[PDB]
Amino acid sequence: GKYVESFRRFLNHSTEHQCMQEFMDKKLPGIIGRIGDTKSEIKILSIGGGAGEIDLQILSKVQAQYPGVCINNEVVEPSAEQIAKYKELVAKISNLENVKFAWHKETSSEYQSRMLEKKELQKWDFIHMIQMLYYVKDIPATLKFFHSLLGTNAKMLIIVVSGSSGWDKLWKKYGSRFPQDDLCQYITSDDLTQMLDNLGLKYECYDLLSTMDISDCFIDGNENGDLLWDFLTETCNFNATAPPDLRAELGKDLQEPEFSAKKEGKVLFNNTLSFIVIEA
């Protein structure tokens, strides 16, 4: 329950969705410019679609490119809370008339296992996995599987933090000191591009600057600041349980240019995102 609420707090204190919106406005149109060619139905598969904000922006661009074409947007999302929010959002929208939504409460692995419980693999015209590969156990198998589901002229979009983000510096230096867990992998676009290269898949990668306002993290007692610390360290009650020296060290590094930039009296952690477009 806190994972989702924690992520929402992060979104509320970062330009993440704004960054993605910038990408969807500037780059997506060209990227999805042919996924619907010759088709009377466009199938979009959203893996880890969460609350649906980005999914809906993606859909608006596809609808704009293919007016009148029915769009089937299927979502693989294991969080009931996320699905509920997603449905709430859709229920408020009226400018997505050619779209049919379907929500499957399951992980991508369960989805994968099941689709493989049939005779024919279902093909898709656009598949996206936005900010969710960190929670997949077997990334190479996941990448290979979903790529295999791409139909003609289809594309797969994956988004994760960039190897040049502050996350990369944080994980490399403090990674081992943080609570390790297969449930969450510390991967960046560098890890993903290497896996894609080894898989022999063709792709294009675009990096976009994004920031996480961690100003409150330097205000002791600050509720938001403390919850963001938990987020950054993926440790519940970090300031209340972490070693006084580790906390002191982190507080210092998170202020360095390698991790953040200081402007307008605020500390902006480098949240540069990588948008990877994989070809069928």
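When you see a residue number, it is the position in the sequence shown, counting from 1.
Chemist: Which has higher Cα B-factors on average according to the PDB entry: 252-260 or 265-273?
Modeler: Going by the record's values, the stretch with the higher mean is 252-260.
Chemist: Output the stretch having the higher mean C-alpha B factor in the entry; the candidates are 106-114 and 128-136.
Modeler: Higher of the two, by average CA B-factor, is 106-114.
Chemist: Of the options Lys100, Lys85, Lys173, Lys144, which has the highest CA B factor as deposited?
Modeler: Going by the entry's C-alpha B-factors, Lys173 comes out highest.
Chemist: Going by the deposited entry, which of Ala51, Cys70, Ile44, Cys236 has the highest CA temperature factor?
Modeler: If I rank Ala51, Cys70, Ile44, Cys236 by C-alpha B-factor, first place goes to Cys236.
Chemist: Taking the values exactly as deposited, rank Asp220 by C-alpha B-factor within its chain and report the matching third: lowest, middle or highest.
Modeler: Highest third.
Chemist: Per the entry's values, where does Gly163 land by CA temperature factor relative to the rest of its chain, in the lowest, middle or highest third?
Modeler: Within its chain, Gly163 is a middle-third residue by C-alpha B-factor, going by the deposited values.
Chemist: Going by the entry, which third of its chain does the Cα temperature factor of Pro29 land in?
Modeler: For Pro29, whose C-alpha B-factor we compare with every modelled residue in the chain, the answer is the middle third.
Chemist: Lowest, middle or highest third of the chain for the C-alpha temperature factor of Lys119?
Modeler: For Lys119, whose C-alpha B-factor we compare with every modelled residue in the chain, the answer is the highest third.
Chemist: Going by the CA temperature factor in the PDB record, which third of the chain does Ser210 belong to: lowest, middle or highest?
Modeler: It falls in the middle third of the chain.
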